[PDB]
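Trainee: return atomic coordinates for the entry below.
(7 chains)
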Amino acid sequence: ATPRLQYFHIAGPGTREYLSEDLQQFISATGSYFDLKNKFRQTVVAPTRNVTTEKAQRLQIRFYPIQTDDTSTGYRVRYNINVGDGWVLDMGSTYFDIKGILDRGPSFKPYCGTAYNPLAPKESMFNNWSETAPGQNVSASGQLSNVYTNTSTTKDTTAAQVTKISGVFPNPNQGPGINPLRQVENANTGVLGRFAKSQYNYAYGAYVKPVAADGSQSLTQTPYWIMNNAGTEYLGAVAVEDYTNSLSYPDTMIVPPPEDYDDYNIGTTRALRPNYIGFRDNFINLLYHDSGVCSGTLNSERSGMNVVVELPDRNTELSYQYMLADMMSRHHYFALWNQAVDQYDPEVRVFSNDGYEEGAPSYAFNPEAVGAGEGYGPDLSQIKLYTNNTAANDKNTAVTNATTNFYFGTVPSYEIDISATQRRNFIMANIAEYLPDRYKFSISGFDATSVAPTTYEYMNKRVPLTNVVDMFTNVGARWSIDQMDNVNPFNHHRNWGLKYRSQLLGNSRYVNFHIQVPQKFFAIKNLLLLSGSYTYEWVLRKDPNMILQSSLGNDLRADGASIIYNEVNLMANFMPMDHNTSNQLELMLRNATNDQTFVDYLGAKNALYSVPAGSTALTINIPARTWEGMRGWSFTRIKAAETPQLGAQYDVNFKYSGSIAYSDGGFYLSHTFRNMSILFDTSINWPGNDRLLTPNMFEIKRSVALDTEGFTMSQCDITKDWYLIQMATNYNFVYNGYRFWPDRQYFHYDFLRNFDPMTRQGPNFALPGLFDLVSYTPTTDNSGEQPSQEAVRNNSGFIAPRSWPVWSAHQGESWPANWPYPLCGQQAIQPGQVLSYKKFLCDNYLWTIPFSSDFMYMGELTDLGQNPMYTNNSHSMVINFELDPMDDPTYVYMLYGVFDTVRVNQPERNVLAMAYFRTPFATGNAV
Amino acid sequence: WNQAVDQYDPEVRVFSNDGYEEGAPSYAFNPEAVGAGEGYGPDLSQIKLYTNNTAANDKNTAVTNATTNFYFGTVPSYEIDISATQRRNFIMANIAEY
Amino acid sequence: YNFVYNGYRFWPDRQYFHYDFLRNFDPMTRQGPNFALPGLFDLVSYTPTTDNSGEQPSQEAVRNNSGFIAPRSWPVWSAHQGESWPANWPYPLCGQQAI
Amino acid sequence: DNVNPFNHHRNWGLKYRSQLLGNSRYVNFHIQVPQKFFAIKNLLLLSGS
Amino acid sequence: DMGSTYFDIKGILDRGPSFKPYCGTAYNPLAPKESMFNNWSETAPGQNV
Amino acid sequence: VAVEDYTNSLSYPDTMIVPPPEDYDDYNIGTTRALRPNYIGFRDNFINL
Amino acid sequence: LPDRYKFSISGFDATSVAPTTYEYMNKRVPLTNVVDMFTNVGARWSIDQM
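Mentor: Residues are numbered from 1 along each chain as shown, chains lettered A, B, ... in the order given. Structure as follows:
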């Protein structure tokens, strides 16, 4: 409070108490148009007393396990958090510092495409050399680039280069080195090259590990002479290296032609499917949460009873996902808690087929501007240039030696439309490659039942059908491919969150990971422990499918993935606040009238109801209950293959490593709910007041083709009833008018941000014309040939055959396309020959129904949750579903509305007691 | 409410002519790596391969039958500047068209 | 962000600042081959010859995109030349044939 | 500069609006059009006919 | 309020020859990097050409 | 044939010649590349003005 | 890339012009192997030379 500081308002009183009172009224009055409040400084002074100890105190304490007890399924660690008096510990700052060794398995490509000769054409060959015995029957094809301007008819100019052949001198990188190739003479140039003796001659992805520090892929180089039909004339030399055993094709696969074409055709080489095997969002599935058989244990010393009890019907991971997404936007990337949300490519899921950016005719010209590619026109290779006679208007003088090139026509070029070429490459690799297995076929060397359908090389060696999706697939419609509307979009190499999460571990599969995992159990997520000695043990998963997330969802255990935890230490930060006040703080927190209370953010009992493949309906009957504070219902359906056994130490039937929609918020099956009904008693419908347009059921969607009375809103098949339910729940205003609500777009799990209605038209088949020339059923035979796909004849001569795998070389001839019936234009099909396909996708939403009498949010403890007709009187509801029938077993992830709270009471030193209470479902059993 | 505001492309209205992304000379090669497009240099179509003699530094033995093509020079290719191509197609189909 | 003892968390309230911590703090990780081993010859050279000539023959040891780009000793923006060849430099850090 | 920039195929709003109806020129459209007149845009009508 | 006071500066700026406002070139940009614009090399008109 | 003398009337603005090495200086002209894109605008907030 | 990872183009020579000049930066092509497609092919990794 020095007067020198006070004069400049650095440690002075403050603006409100030193300015003239009239001035404060003036600046406030004229504060909306003439702001003067920034011209009078004010400084906020720190407490500077009774807030921090001078005692030598550790600011950040590392806790290392007393006991470990490693096992094959989990990795337990037992800590002992000693909090002295005057110390106050927040478990919000507690986390597990985990460092170990991570093997992400060979099924891990951190990059699309290949790294070896990426610019090489797929069906290229690296200077072939195929022989039976050295010097015996030999076949060889390659470019001979290097020149040495030899004087021929003798060995001296050639043998000099041959003596250099044995080294790296052939040097495949260097070529002719002459820019005008026209200037070189055929008899005074010399020929050099370097050929490879190997099996599987493919330039694309060809890798031969070096043996010396200067290129030198091989140590033995037998030289061969090049001579014309006569042996007298010396023409060139050849270097040959044996790559039969030294050659490999990492991150690439051979796509052979069909079995009838296996001979006299080597097919093409394609890079393996990119796969990212990084950790999951927020380190989900890394601690044994939600498991009552292998839970953690936090308890004090005086009170030996464990205060961390976990139920198999709660969801710790998903609750954190919802809590964090409401706390902040999910597009923020926080690498500490590995906070990278699972996000697909919006251009890939809802495939807005807008054709392609049709531009001017674009060509690829010669390296020079002179040539005769497809040399139509007169030869002009033997012409003679004569000087003109301006008086006689004719030739007068012949030029002595006119060395002229002088070809005919424009620059020889090959035409490409990149905007269409890249469009099909985008469609057929970011969309086609992720089709379901039922729309794929083997590659003429692969056989089913040899490996499980959840392995990496199974997914690589099954090319999708080329007509189920292509450039013509609903050419003008923003339409998510209905063939993959039920395919997990987060299992995609464009999943930027997982893409970031995998690259935080490195580009190799041998990762010495060091990570920090937050505590997520709601009772101890933000617990503020007072003085005392606490022991807090927790067990960590070792399942590669659980702890690691693939971008393909393959079985990581079957792909050799594994993890070893070396050190798992517990970090805690302690405020160095004055012991005279922290004991006061801990004493006003030991007082029972003011003790910590924590709720699970999800607030939902979690029940998974099996729905088999062919089934389309599900009945959820429940025993008699009081529903004393129920919040409502939330439900989506999750594939059983993507959902682990609940409360399982180690799930053996779980052979999937993509995005577990149960654990995280990666919901993608909010569609495929036709309708649902609620009956609290055997026959008492919950709405039961003619609230809805269909009072006895929650008709989520109805087909617009069969629609007669309407009941479809937002230009899709969702119903008026269901649309009102969602907007009323999330946004609290439907009776004042439907509107968009930008205040909740950040939430990443609300309705409007991801409710995507789409519409296409499609030709009406089963008509005299309109033959539906696209086959969706593969022949599921060993050969990589699908003749049923050869009826589309689009891009006929410019793409690979439709029966062939897509990534094979093009062949055919230009031919009028026949398949895509023009739905628009002046040559369009008849208006009676078209249909409508109103549809909607809604990802990451998890449909909610509030247990509120007007469906509008009016408090966490809803309108009817305290209505003493349910609270006082027992009821046993039955919930009836009908769903779009899928082809694989799925659950129906039904989330009720529960008030799962904890009252943490710490009456004495190191006496810790937690009381758990859940209002509708207090017993927490299997329902 | 069919709420989708009319959005002109800002890169189209105010044409910020930043040229094009000039990289290395881009080349489109033959489907194979072997070809004789613009067949400059010696033909090498009727050649015969001879085994070497290390001691004599010369030809010693002819190969029985060498089915080889052995074209001259680098891999035949056509040069295309993708970035300039896209820039012009963008201009003509987005600015010149309208 | 004035809160560390209650737990490390992302703070979206300061991501506009253009000079705060979490906006521009970018951790990254790579693995790389371990050279100074019997194999793994480190076929990339980082020291140019520093001569008047426009040739760097020490760069000719990567043999990747052999017949499809300019020679590695040549300036990058020269015409492509060479012959197709299996690449040797980039040691596979992943996949079946990973080191 | 004096040509309507919203009459462009890169009109993302218009592209979305046209794609909401389908890929054909033959549309069995079903839409919900709001009321915009200010007197009755937000009028709270009491009981009555 | 000197918050509104600024300097209305106008003058002649020469940014120098070291100024390319655009990546790439503007003259035959689609031309291949090593092409020739229809060569004609001679010693004298009608001589060695 | 039409021949025009551009010996002194021709220039290569915004482009530079990237010649091959001296071992390839003859019998090869290499390629040409545009100069590095350089923007010489003023600084942010007219800093250092 | 830094000047220490570049070289002259067989026509340009150092010490002829200041290193802080434009045509010095133009006429110094960088080394092609220090940064290329294969440079940490799977890693989100800022180039340690940059």
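Trainee: what residues does chain A put near chain F?
Mentor: A:177-180, A:183-184, A:385 (CB under 8 Å from any CB of the partner chain). (Each C-beta comes from the backbone N, C-alpha and C, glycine too.)
Trainee: again, 10 Å this time
Mentor: Neighbours of chain F within chain A, by CB under 10 Å from any CB of the partner chain: A:147, A:149, A:174, A:176-180, A:183-184, A:367, A:383, A:385-386, A:388, A:402, A:404, A:406.
Trainee: among those residues, which are located in strands?
Mentor: Per DSSP state E, strands hold the following members of the residues of chain A next to chain F: A:386, A:388.
Trainee: was I right to think residue A:205 contacts residue A:252?
Mentor: Yes - using CB atoms under 10 Å, residue A:205 makes contact with residue A:252 at a distance of 2.9 Å.
Trainee: picking that back up, show me which of the residues of chain A next to chain F are buried.
Mentor: Among those, the ones that count as buried by 16 or more other CB atoms under 10 Å in any protein chain shown are A:147, A:174, A:176-180, A:184, A:367, A:385, A:402, A:404.
Trainee: mind giving me a markdown table with these and columns for distance to residue A:606?
Mentor: Shown next, in a markdown table, are these (distance: CB to CB, whole Å):
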| residue | distance to residue A:606 |
| --- | --- |
| A:147 | 74 |
| A:174 | 65 |
| A:176 | 70 |
| A:177 | 70 |
| A:178 | 73 |
| A:179 | 70 |
| A:180 | 74 |
| A:184 | 76 |
| A:367 | 65 |
| A:385 | 89 |
| A:402 | 88 |
| A:404 | 84 |
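Trainee: nearest to residue A:718 among these?
Mentor: The closest of those to residue A:718 turns out to be residue A:367 (CB to CB; 58.0 Å).
Trainee: for the lengthiest strand in chain A, buried residues please.
Mentor: Scanning chain A for the strand with the most residues, using DSSP E, yields strand A:562-573. For strand A:562-573, the buried set under the neighbour-count rule, 16+ other CB under 10 Å, comprises A:562-563, A:565, A:568-570, A:572-573.
Trainee: about what we covered before: which neighbours do residue A:205 and residue A:252 have in common?
Mentor: With contacts defined as CB atoms under 10 Å, 6 or more residues apart in numbering or on different chains, the residues shared by residue A:205 and residue A:252 are A:113-117, A:122, A:269-272.
Trainee: wait, what's in contact with the closest residue to residue A:102 other than its chain neighbours?
Mentor: Closest residue in space to residue A:102, ignoring its immediate chain neighbours: residue A:511 at 4.0 Å, by CB to CB, 6 or more residues apart in numbering or on different chains. For residue A:511, the contact set (CB under 10 Å, 6+ apart) comprises A:100-104, A:108, A:277-279, A:502, A:504-505, A:563, C:29, C:31.
Trainee: re earlier: how about the buried residues of strand A:562-573 in a markdown table, adding distance to chain B?
Mentor: Below are those laid out as a markdown table (distance: CB to the nearest CB, whole Å):
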| residue | distance to chain B |
| --- | --- |
| A:562 | 40 |
| A:563 | 41 |
| A:565 | 45 |
| A:568 | 47 |
| A:569 | 48 |
| A:570 | 50 |
| A:572 | 50 |
| A:573 | 46 |
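Trainee: now the two most distant members of those residues.
Mentor: The farthest-apart pair in these, when distances are taken by CB to CB, is A:562 and A:573, at 32.7 Å.
Trainee: note down every partner strand of the longest strand of chain A and its orientation.
Mentor: strand A:60-63 (antiparallel), strand A:95-103 (antiparallel) (DSSP bridges).
Trainee: need the winner for burial among those.
Mentor: Stretch with highest mean neighbour count among the strands paired with strand A:562-573: strand A:95-103 (a mean of 20; mean count of other CB atoms under 10 Å in any protein chain shown).
Trainee: need the contact partners of whichever helix or strand comes after that strand.
Mentor: Sequence order places strand A:130-131 as the next helix or strand after strand A:95-103, per DSSP states H and E. Contact partners of strand A:130-131, identified using CB under 10 Å, 6+ apart, comprise A:137-141, A:195-199, A:201, A:240, B:63-64, B:66-67.
Trainee: count the residues that sit near residue A:141.
Mentor: When counting by other CB atoms under 10 Å in any protein chain shown, one arrives at 19 neighbours for residue A:141.
Trainee: what's the nearest residue to it if we skip its chain neighbours?
Mentor: residue A:128 (4.3 Å).
Trainee: just to check, the one you found is in contact with residue A:195?
Mentor: Yes - contact criterion CB under 10 Å: residue A:128 and residue A:195 qualify, at 6.7 Å.
Trainee: which neighbours do the two share?
Mentor: Counting by CB under 10 Å, 6+ apart, the shared contacts of residue A:128 and residue A:195 are A:138, A:140-142, B:68.
Trainee: strands - which of the residues you listed land there?
Mentor: Going by DSSP E, the strands hold A:138, A:140, B:68 from the shared contacts of residue A:128 and residue A:195.
Trainee: quick revisit: among the residues of chain A next to chain F, which ones lie close to chain C?
Mentor: A:174, A:176-179, A:367.
Trainee: restrict those to contacts with chain B.
Mentor: A:174, A:176-178, A:367.
Trainee: near chain E, which residues of chain A?
Mentor: Within chain A, the residues that sit near chain E (CB under 10 Å from any CB) are A:34-36, A:38-39, A:179-180, A:182, A:362-370, A:385-388, A:396-406, A:411, A:413.
Trainee: looking at the buried ones among the residues of chain A next to chain F, which one is closest to chain C?
Mentor: Minimum distance to chain C across these is 4.7 Å, recorded for residue A:174 (CB to the nearest CB).
Trainee: need the residues of the stretch 401-550 of chain A near chain B, please.
Mentor: Counting by CB under 10 Å from any CB, the residues of the stretch 401-550 of chain A close to chain B are A:407, A:411-414, A:416-419, A:422.
Trainee: from the stretch 301-450 of chain A, which residue is nearest to chain C?
Mentor: Checked against chain C (CB to the nearest CB), the nearest residue in the stretch 301-450 of chain A is residue A:334, 4.0 Å away.
Trainee: show me what contacts that residue?
Mentor: With CB under 10 Å, 6+ apart, residue A:334 has these contacts: A:282, A:324, A:328, A:340, C:8-12, C:22, C:25.
Trainee: just residue A:648 next, same as before
Mentor: A:73, A:288, A:290-291, A:293-294, A:312, A:543, A:546, A:654.
Trainee: the residue nearest to residue A:141: neighbour count?
Mentor: Residues within reach of residue A:128, counting by other CB under 10 Å, total 22.
Trainee: in contact with it, which residues?
Mentor: A:138-142, A:195-198, A:201, A:203, B:32-34, B:68-69, C:84.
Trainee: would you agree residue A:361 is in contact with residue A:414?
Mentor: No - using CB under 10 Å, residue A:361 is not in contact with residue A:414, being 11.4 Å away.
Trainee: among the shared contacts of residue A:205 and residue A:252, which ones lie close to chain B?
Mentor: Among the shared contacts of residue A:205 and residue A:252, the residues lying close to chain B (CB under 10 Å from any CB) are A:117, A:122.
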